[PDB]
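Let me give you the structure first, and then I'll get to my questions.
Order of writing sets the chain letters: A, B, C, D and E. Residues in each chain are counted from 1.
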Amino acid sequence: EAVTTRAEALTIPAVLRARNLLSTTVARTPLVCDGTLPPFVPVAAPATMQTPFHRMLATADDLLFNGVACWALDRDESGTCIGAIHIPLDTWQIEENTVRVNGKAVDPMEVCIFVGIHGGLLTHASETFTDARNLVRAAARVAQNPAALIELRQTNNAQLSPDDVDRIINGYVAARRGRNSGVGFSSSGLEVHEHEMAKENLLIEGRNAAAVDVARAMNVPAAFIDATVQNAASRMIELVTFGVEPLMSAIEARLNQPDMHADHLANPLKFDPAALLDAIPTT
Amino acid sequence: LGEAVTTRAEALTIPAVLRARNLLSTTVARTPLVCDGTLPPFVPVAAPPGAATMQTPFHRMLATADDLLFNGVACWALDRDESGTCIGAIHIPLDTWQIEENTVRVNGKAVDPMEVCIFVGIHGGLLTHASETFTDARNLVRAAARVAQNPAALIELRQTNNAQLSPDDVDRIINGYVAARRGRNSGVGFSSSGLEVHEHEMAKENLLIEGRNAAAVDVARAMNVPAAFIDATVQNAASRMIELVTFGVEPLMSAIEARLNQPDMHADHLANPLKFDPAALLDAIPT
Amino acid sequence: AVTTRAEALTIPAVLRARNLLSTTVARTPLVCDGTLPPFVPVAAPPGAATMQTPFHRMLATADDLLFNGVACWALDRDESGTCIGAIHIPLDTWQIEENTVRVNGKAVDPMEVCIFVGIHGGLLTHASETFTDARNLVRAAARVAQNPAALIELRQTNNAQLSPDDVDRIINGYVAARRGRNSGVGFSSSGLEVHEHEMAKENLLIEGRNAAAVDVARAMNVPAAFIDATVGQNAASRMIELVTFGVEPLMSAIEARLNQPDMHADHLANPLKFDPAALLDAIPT
Amino acid sequence: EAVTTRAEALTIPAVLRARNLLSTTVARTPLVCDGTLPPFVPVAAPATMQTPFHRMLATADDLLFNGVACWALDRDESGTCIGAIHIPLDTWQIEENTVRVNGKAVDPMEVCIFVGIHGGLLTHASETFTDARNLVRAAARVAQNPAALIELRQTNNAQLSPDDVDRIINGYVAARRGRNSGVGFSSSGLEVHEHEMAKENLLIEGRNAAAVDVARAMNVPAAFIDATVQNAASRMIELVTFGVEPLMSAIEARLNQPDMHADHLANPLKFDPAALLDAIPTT
Amino acid sequence: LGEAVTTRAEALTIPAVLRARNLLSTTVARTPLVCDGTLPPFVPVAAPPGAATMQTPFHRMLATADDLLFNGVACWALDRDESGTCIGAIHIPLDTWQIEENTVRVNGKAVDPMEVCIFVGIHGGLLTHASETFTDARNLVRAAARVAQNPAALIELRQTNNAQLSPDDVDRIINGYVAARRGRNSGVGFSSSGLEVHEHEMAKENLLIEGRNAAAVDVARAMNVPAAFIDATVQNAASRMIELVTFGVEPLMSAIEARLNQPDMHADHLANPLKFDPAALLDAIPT
């Protein structure tokens, strides 16, 4: 019941909330340059269009969850890359040293692979995500059924077959699972005794702790996802400085390599977070 | 996993570790290396244009910060040309190099000292020092998962009666409870006559609640970051960054600088030393 | 008991305290009104794969002084007899038998080493109990959080005749279950009852943990707020705070040694000083 | 198990922390004078060198712990004292009126003895130090073994030899001391009963109280050693004014006597705490 | 010790006493004595250059403040030369002088009144007045040491059975518990059949906790210092010093001044009185 996939991760609201603060901001922020902007920047797909926004957003998710991302390049201008589109992770892999898209081995120059700032959440945060999800599930089982263990205790001296008891147990299971709105009959001398009574404060406290741990794994501060432990421009600056900016740096790094942007040394490509603050309306 | 936390992978599954790591290593990685003289070729170039090691200078530093933090040492494998001038350098993984006596071996083959640059950290690595506190940190979360719903570690089945019971009779009810405790039959078990279940070893919820936070602060401490930085409980971005840099990152940056400023790496270290530029991080912050 | 540095450094507060102290010394320049003594910029001579940088010499020296109260440099002297390089050497490689110093086996000329003397006899002597306590306290909480009972009693209720081995294996049953033998299910056989005694005091453990940490800070001459301990500012202030009370005592000890004729000829007129103001200049604006 | 020695005192972190705040500051602060500084000020040992820093530090510790300190003087200049080195306490003593170093009686002018501001901590603070140390030891015994007294209570009517019971007791001792992870077997009718259950709050509260009492004996304010009940320059001033300055006054007193500094009346020797504030870096 | 706290040595083993003492007596000692006229010879000179009483003027005042505080009186033995002008004065211990009728005796030998100067304090000495509160103060700490681990002062061994037991039988189990209570056998004792141990006289932890602080405040009160000054619970250095001087020390300084400003000690007291200069203490504080 582990959380091993993105789909599963995204069902944890903290994960989803952090992921948008992070991915969305990257996709929102433009790439910028002194001198001529590489043609792939404003153009993804010239069949199925993919907007530049979506290319970045997709890329930002890949790097976060899986630690790696691939663009498919259209280098036309003999040499230069004039478009790139994001392509899903299950659509490429790296064999020994070769790279293969759709199972067909590809020329290295057809492709741009990104490496992230670690191996990806699905590798490192699987445990914490699993805990965060489970905890909310624990609270729902136990809100009303606080005792994990129920004992049916015979006090008379009748000898009952295995089957007899299997039957006795079954009536109380139905009653728990809601039959007759939770009324059960203990037949003759039997007494129910509840054991392993849930520790309420630990579930409560643990829930926030889970939320803080998610914020941690995801590199956004806990206050940002309303986990308990400033104007818009302040928070965005804060979010960018400690949260988003490391993905941006990894992404710029790749992009500023000779295969993508041959004038990178003198005129490096850079994300422009300042653009986001300018979009903020003025009081 | 597992038992103790002894590998980097295990540790990074602890969110406070991963968060303390991101703050430390990514800052280092983002921070430009800078010189009043002409800048050394290796600084802008990690992997050369044509290879299957597309290591960027950012990932080179990042991996290095990590190596230093967890293992206490790091290696770059230098590309020296025929004049002996290092024109690029890549970080290589710890498991691919070593030192025997005075010999550096990379991939099992001894190598010229000069083909390599080895960095010594600020201690012996968190994998040596903080291994116990990481185990504790991770173990605490798992206990709370077990414990929250099943607080009592030990169940006793106690006979209160002289009732004749075969061992098979007992085996049977033990199994039914064992099934319950794994959650089959919706937690319901049966106690034959005169037999009573008693709960023992009830967990201390407060110990576990405080312990969790305490575990976090101890991770913060081992990793040389303030606990409020990882949201462990005890202003603007520019101040937070200065604080992080001043006490968290400068020791690592200082160590890296130290090594880079030796003559095999930067000959002109004395007149024009090669320094990280944290001011660059602040300029990047918008207003 | 915690008797070695290795063990000490597994206490997070010890590590944290030590980084702030030792690394801060290491980053601080030794500066001179005259021209610099040649050993200051040079520790290990030029070399090729790894070597002791001057930063690491100081770092290593700071630790030595802190944990053991003394530290040694192996001096490199020119034909004029002045130190033009100094390398920190590990403590398990030198001893001081008489007024005579030996490194590895051999006795050595006083002029080949520089021995520093710290501000006390070292945490490893003075703070061994606190370190031990701090460590054991964290381990206690880990045992205790799920097994709060210090003593379990298995009480025989009937008058069956048990044998030492009978008893012996019955305990083993419980030790087993306490390890998780049938989901921590044990069977109390109509003459047995399990009783828990000596329930752990959690507050005293929760408070004691913080108390331990504060004791560590005290021992290491750092404010408890710096290692994030609790007791019922901008980077610049903290550095100053950390330097004035935290680190200046070491620097002063190290300065005293360095300001001697074997090390620094012009010390009377132009003494060698650490320059903590450099640490503040480094802080971006 | 009393704390009667310095070594033992220095194992109490509060004692150690106070001692450095106190001794270290004195050693750090220079001696100063209008007109010519006595030659012994900058020079201790011209065999085993002792730095001036160490001379003061050593002296400051002696006066604090034992209330008394000795320098060994090298008066060369026929009359004047041109060097002094600190010498350990077990290296000198005062017989009836004579002073003896290493068992050999010495000329009074070979020696400079200091008297402190009281008889020394090892005399007055032995009890408090003993309590402070013990308290932490109490908490460690009792964290997990809160009951000081354990009773093994026979309920059957068997007559047991002294030896029998000696044996019974022994099994429970092992179990306490950790054998079988604290599982013990009470054989037949015996019941364990725990008595003298530790008073938790008193150990907790008492610990801080111990720390405050140490601060008290040592003449530093409790906040300074992080005991629970301002920029650098403020605290140093505060520390100097009420903490260090009394040792400094005792030390100046001796030094400003004719045997050491013959121009003391017009040009008295003085500690210069202001030097410490000047060393503080400027924001 | 002991029983009551009756000697100065016992009292000084109480940290609040020692701290209140240091603040009071050392301030007095550090504070210069000062005159608009020419300054009396005795002020700069306690012990002359050649003697085995190397008493400095600082220790002279210090000892005197102490004498006054604890015992209510102090003596200086004056060195008067043949003109009768006092050229130096040393403090001498209380046990070496006394007054019988109108005669002062030093070391058992009557002496000329003029060879001596005796100071009268502000009360009869804390050793008279505060003896009970010092006992209480010290006793409170010891109780908490006993009590913390062994809260119950009295153990009862109670027989619940008509069981025949020799006195020797009883003596035996009493001894085994007595051993336990001293900590032999790791606190474990044995109760023979029908015998039960019962705890009685459980200490009140709060009484002891509050009592401790209360004891401190009462020490503060007896010694004329504010409790926050000894960190007992209820700004800058210059203000703290003024406060201490104004209410704590000036009465003692005032008393000493009084005596010094009589004609046998300072003839010109009227025109140019001899005054302590607390301002000097403030000037010594750096900025």
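Just so we're on the same page, a contact is a pair of C-beta atoms (placed from the backbone, for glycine too) under 8 Å apart; a residue touches a chain by one contact, two chains touch by 3 or more.
Listed by chain with UniProt protein names: A, B, C, D, E = Phage portal protein.
*Asks:* Per-chain Cα mean versus the mean over all protein Cα atoms: which chain has them closest together?
*Replies:* Going by the distance between chain centres and the overall C-alpha centre, it is C.
*Asks:* Centre to centre, by mean C-alpha position, how many angstrom separate subunit D and subunit E?
*Replies:* Distance between chain centres, rounded to whole Å: 20 Å.
*Asks:* So how far apart, in whole Å, are subunit B and subunit D when each is placed at the average of its C-alpha atoms?
*Replies:* Subunit B and subunit D have C-alpha centres separated by 40 Å.
*Asks:* Determine the centre-to-centre distance between subunit A and subunit D, using the mean Cα coordinates as centres, and give it in whole Å.
*Replies:* 56
*Asks:* Can you tell me which residues of subunit D touch two or more of the remaining chains?
*Replies:* 142, 147, 150, 156, 172, 176, 198, 201, 203, 227, 229, 276
*Asks:* Please classify the inter-chain touch graph. Allowed labels: line, ring, star, complete, other.
*Replies:* Chain contacts: open path, no cycle.
*Asks:* Which of the chains are touching one another, listed as pairs?
*Replies:* Inter-chain contacts occur between A-B, B-C, C-D, D-E.
*Asks:* What does subunit B use to touch subunit C in their complex?
*Replies:* 99, 104, 112-114, 116-118, 120, 122-124, 128-133, 136, 139-140, 143, 147, 153-163, 170, 174, 177-178, 181-182, 194, 198, 200-204, 206-208, 210-211, 214, 217-222, 224, 226-227, 232, 234, 239, 241-243, 245-247, 250-251, 254-255, 257-259, 261-264, 270, 278-279, 281-282
*Asks:* Provide the residue numbers of subunit B that touch subunit A in the complex, in ascending order.
*Replies:* That would be residues 9, 12-13, 15-16, 18-19, 21-23, 26, 29-30, 44, 49, 52, 54, 56-59, 62, 141, 144-145, 147-152, 155, 163, 172, 176-177, 180-181, 183, 185-197, 199, 203, 205-206, 208-209, 212-213, 230-233, 236-237, 240-241, 284-287 of subunit B.
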